[PDB]
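Notes follow the structure.
A short reminder: the numbers here are calculations on the coordinates, not readings from a lab. Positions of Cβ are generated from backbone atoms using ideal geometry, with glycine treated the same way; all protein chains shown enter the neighbour counts.
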Amino acid sequence: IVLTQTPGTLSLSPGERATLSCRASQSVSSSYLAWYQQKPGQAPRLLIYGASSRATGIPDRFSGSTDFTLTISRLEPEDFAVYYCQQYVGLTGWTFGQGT
Amino acid sequence: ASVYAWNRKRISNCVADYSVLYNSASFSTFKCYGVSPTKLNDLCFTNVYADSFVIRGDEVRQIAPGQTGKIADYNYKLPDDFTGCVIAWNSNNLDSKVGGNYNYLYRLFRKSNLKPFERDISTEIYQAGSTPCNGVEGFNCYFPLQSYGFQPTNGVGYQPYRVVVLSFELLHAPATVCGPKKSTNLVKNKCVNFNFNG
Amino acid sequence: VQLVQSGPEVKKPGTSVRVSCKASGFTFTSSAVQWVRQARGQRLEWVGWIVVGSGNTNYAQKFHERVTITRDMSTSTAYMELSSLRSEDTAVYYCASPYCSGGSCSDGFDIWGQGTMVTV
Amino acid sequence: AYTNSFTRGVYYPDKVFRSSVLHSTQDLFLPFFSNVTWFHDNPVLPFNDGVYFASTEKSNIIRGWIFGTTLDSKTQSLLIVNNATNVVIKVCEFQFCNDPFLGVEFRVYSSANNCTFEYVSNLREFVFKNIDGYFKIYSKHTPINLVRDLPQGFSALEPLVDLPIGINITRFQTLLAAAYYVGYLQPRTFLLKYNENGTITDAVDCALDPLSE
Ligand SMILES: *[C@@H]1O[C@H](CO)[C@@H](O)[C@H](O)[C@H]1NC(C)=O
Ligand SMILES: *[C@@H]1O[C@H](CO)[C@@H](O)[C@H](O)[C@H]1NC(C)=O
Ligand SMILES: *[C@@H]1O[C@H](CO)[C@@H](O)[C@H](O)[C@H]1NC(C)=O
Ligand SMILES: *[C@@H]1O[C@H](CO)[C@@H](O)[C@H](O)[C@H]1NC(C)=O
Ligand SMILES: *[C@@H]1O[C@H](CO)[C@@H](O)[C@H](O)[C@H]1NC(C)=O
C-alpha cells in the first residue's frame, strides 16, 4: 500500500493542540494502523496502535481515533517530532507515510 | 503422522513380543519408565497404545515425562507419571527428501499447553494480539503450525526420527496383552518340577 | 525488555552487509521483528519482516530480490542481510518487535533498536 | 407365557475332567423346575446374575444377542451376530436401533464408536454369565421332537468362549430374522454326577426339596 502523511510540516507553539492525518490508498482495517513519534536522531516509538489505542508509557497528551488521524491534545517541548503512520495489513505491502 | 497430529494405534487381545524391539539394534532410543526393558514380557496390560510420529533429532529429548518445549507442550505431551517405553530411531534415509520433506508439521503457537496425550489438530490462525485474524495472516496472526525441512544433507539434530511410544495402561479388566511364554521339552517317566499353564 | 542493535558498518558497492538485533527480557520466540531504514533527512522506509516463531518472511518489493531476513532463537537474535549494495543504501537501520510474554503479544511495535548506520 | 425349566440349564462348572464321582459345587445355575419366561418378538430383558437362554428353530431365525447397560452409545456394549458361516462377536459403544432386526438387510445399530474387542469364529441352549471381567458362554445343540415345548431331558452345556471384556451387562436383547425361553441363574448348590468319560449324566438341585437336600 501507499500511505499519505499530512501536513508535510506541522508548525505550532507549545501549549496548543495539533492534528495529524494519514490517508490509505484503499479501504483498510483500522486495527492494523499505528502511529509513531520520531525525535530527530533517535529510533521512533509507538504511540497509537489499532488506530485508537494508546501504547504503554504514552501520556494523555496524545490520543487516537481511508482517513485516520492522530490527535495531540496539548504540545510540550518533547512532543516536537516527526510523526509517521504505519500499516500492517496482511503479510506484505507494509509501509510508512512520508512523515509530518 | 505429523507430530502435531500423532497416530495412536490401540494394541489389545494379543501377545506382545517386546523382546524383538528390545533385542534389535535398529533403535537409538529405548527409554523405559516404571518398567524394566528386559521384563516387559512379564507385564500384562489391558491396553497398549502405540503413538507414532516424526520429529527432528534435537526434539527427541522432549519425548519423556517431565519434559517441556515445543513438542512436549504443544504437540505430544507425556505425563510425569508416564508408564511405558519410548522407542525411537534415525529415519533420515526414509523420510528426508532432496528438496526437503515438508509433510511433517509441528505446533509452534497455542493459547495454552497440552494435557498429557491431548491431540490438538486445529489449524486456526493463532491470534497473538487482541485483533481478530478473521482467516487472514499478518502482524500478530500466525499459522500455528510449521513444517520441518527434512533433507539428506541435514546435520543429525535436524534429521527426522521416527518415534513410537508404547503407553501401558492397566484398568479394572482381565489384562489381555502379555508377552510370549517360555516352554521346554516334555520329559516323561522322570520326577520333574512341572508347570502346565497354571 | 530491550532490543539491542549491532554497531555500524562500512561496505563497498556491489557487496553485502549483515545487521542484527538481540532480544532480552521478552519472549523473542513468540514475537516478530521488522526491519526498516532511514536515510538522513528522509522518510522511514519499510524493508521487510520475519515472524520469529515460524521463521516466515516477507519483504518490501523495492528490496525483496536482494534482501534476506532470518533468526536464531538460541541467541535470541534477529538478522538481516542486504546484498548487491548501492550507494543509495546509506541509511540508519532500525529493528523492532512487539512485547511478548509466552503466547500473549502487544498489538504494535513497542520495542525498538537504537539505530545503526550503514555506509556504502 | 411361562414354562417349566425342568432339569435344563446345567453346565460344566469348569474345565476339569472328573471320573465316576459325585461332585458338590456352588455356582450360578438355573434352579430345577424353575419358572422361565416363554417368548414368541424380542423385547429388552434384564440381565441379573446370569441368563439361561434356549430356542427351538428349524429355520434358524433367532441368531444373535445384544448385551449391555445403556445400549445407546453412552457405554460399551456387546453385539453378537451369527450369520451364514461367520459369527462375529464385537464390543463397541453401539448406538442401537430401538427395534433392531435382521432381514432374510441388517438394521441393528446406526453407530459403533470406540471399539475395544472383536472376535470371529433344532434345540439350542446357552448360558451367559459375566464373572470377574469374563463373559462366559456355554452351549449345547441337540435334536428337538416337540413343536412348542422345552423337552424334559438332561444335558450339560459345554464352555464355548471366555471373552476377556470389561463389559457391564444389566440388560440384553435377542436378535432375529420361532420361539425362545429365558431364565435366570442363581447361586445354588448342585451335586453333579460324572461318568467314566468326564461328562455330566445327571444332577441334583440341593434346594429343590428335602429329598434332594
Ligand atoms: C410362573 O408364575 C406364574 C405366576 O406369576 C404362574 O401363573 C405360572 O404357572 C408359573 N409357571 C411355572 C412353570 O411355574
Ligand atoms: C456377517 O455380518 C457381518 C456384518 O458386520 C459381515 O461383516 C460378515 O462378513 C458376515 N458374515 C458372512 C459369512 O457373510
Ligand atoms: C474407549 O475405551 C477405553 C477402554 O478400552 C476407555 O478407557 C476410553 O475412555 C474409551 N474412550 C471414550 C471416548 O470413551
Ligand atoms: C460396572 O459399574 C461399577 C460402578 O457401579 C464399576 O465399579 C465396575 O468396575 C463396572 N464394571 C465393568 C466391567 O465395567
Ligand atoms: C465311554 O467311552 C467308551 C469309548 O471309549 C464307550 O464305549 C462307552 O460306552 C462310553 N461310556 C459312557 C457312559 O459314555
(message) Taking a virtual spin label 7 Å from the Cα of B:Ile121 along the C-beta vector, which residues in the stretch B:133-177 bring their backbone nitrogen under 20 Å of it?
(response) B:143-148, B:162-167
(request) Only helical DSSP H runs with n ≥ 4 go in: add -39500 (n - 2.57) per run for the protein assembly as shown, normalise by residue count and round the 222 nm mean residue ellipticity to 500 deg cm²/dmol. (result) -500 deg cm²/dmol
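How much net charge surrounds D:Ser139 when only other residues with a Cβ under 12 Å from its Cβ are counted (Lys, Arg +1; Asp, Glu -1)? Kindly include the intermediate steps, with their values, before the conclusion.
Working: positive: D:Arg124, D:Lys136, D:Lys140; negative: D:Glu125, D:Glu158.
Around D:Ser139, the charge tally is +1.
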(request) Show the residues, 5+ positions off or on another chain, whose built amide H is closer than 5 Å to the amide H of C:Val47. (result) C:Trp35, C:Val36, C:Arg37
(request) Count charges around B:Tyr142 for me, please; just the other residues with Cβ under 15 Å from its Cβ, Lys/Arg as +1, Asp/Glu as -1. (result) +2
(message) Can you tell me which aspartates and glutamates have their Cα less than 12 Å from the Cα of D:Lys129? Leave out same-chain residues fewer than eight positions away.
(response) D:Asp27, D:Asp49, D:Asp162
(message) Need the list of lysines near C:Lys12 for cross-linking: C-alpha distance under 27 angstrom, and skip anything on the same chain fewer than eight residues off.
(response) C:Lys22, C:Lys62
(request) Filter the trypsin sites (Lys or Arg not before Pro) in the stretch C:1-68 to those in DSSP coil with at most 12 other Cβ atoms within 10 Å of their Cβ, and list the result. (result) C:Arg40, C:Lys62
(request) For D:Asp162 paired with A:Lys39, estimate the spin-label separation in nm (one decimal), with each label point 7 Å from Cα along the Cα-to-Cβ line. (result) 8.7 nm
(request) Tabulate in residue order the Karplus-calculated ³J(HN,Hα) for the stretch A:21-38, using 6.51 cos²θ - 1.76 cosθ + 1.60 with θ = phi - 60°, rounded to whole Hz; enter x for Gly and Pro. (result) 9, 10, 10, 7, 8, 7, 5, 9, 6, 5, 5, 10, 9, 10, 10, 10, 10, 10
(message) Need one number: nm distance between label points at C:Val4 and D:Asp99, each 7 Å from Cα along Cα→Cβ, rounded to one decimal.
(response) 8.1 nm
(request) Evaluate the stretch A:3-96: find the radius of gyration of its Cα atoms, find its Kirkwood radius, and give the ratio Rg to Rh. (result) 0.95
(request) Using a cut-off of 10 Å between beta-carbons, work out the net charge of the residues near B:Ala50 (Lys and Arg +1, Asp and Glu -1, B:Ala50 not included). (result) +2
(request) Take the stretch C:2-118, drop everything but the C-alpha atoms, weight them equally and run the Debye formula without solvent; then report log10 I(q)/I(0) at 0.16, 0.19, 0.23 Å⁻¹ to two decimals. (result) -0.69, -0.96, -1.36
(request) Just report the Cα centroid separation between the stretch B:63-133 and the stretch A:26-62, whole Å. (result) 36 Å
(message) Cut-off under 14 Å on the C-alpha distance; same-chain residues fewer than 8 positions from B:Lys182 excluded. Which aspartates and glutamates are left, in chain and number order?
(response) B:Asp17, B:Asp42
(message) Once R0 is set to 56 Å, what does the formula 1/(1 + (r/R0)^6) return for the Cβ-Cβ distance between D:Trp38 and B:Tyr102, expressed as a FRET efficiency to the nearest 0.05?
(response) 0.25
(request) Could you work out how far apart the two model spin labels at B:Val35 and A:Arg61 are, taking each label as a point 7 Å from the Cα in the direction of the beta carbon, and quote it in nm? (result) 6.9 nm
(message) Debye calculation, C-alpha points only, no solvent: report log10 I(q)/I(0) for the protein assembly as shown at q = 0.07, 0.09, 0.12 Å⁻¹, in the same order as the q values.
(response) -0.69, -0.87, -1.20
(message) Report, in listed order, any pair from D:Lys15/D:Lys193; D:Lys15/D:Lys140; B:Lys9/D:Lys136 with a Cα-Cα distance greater than 19 Å.
(response) B:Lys9/D:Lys136
(message) For a Förster distance of 35 Å, can you work out the FRET efficiency between the beta-carbons of D:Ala1 and D:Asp209, rounded to the nearest 0.05?
(response) 0.85
(message) List the residues, sorted by chain then number, that are 5 or more residues from D:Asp72 or on another chain and whose placed amide H is less than 5 Å from its amide H.
(response) D:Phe96
(request) Give the distance, in whole Å, between the Cα centre of the stretch C:1-53 and the Cα centre of the stretch D:116-160. (result) 81 Å
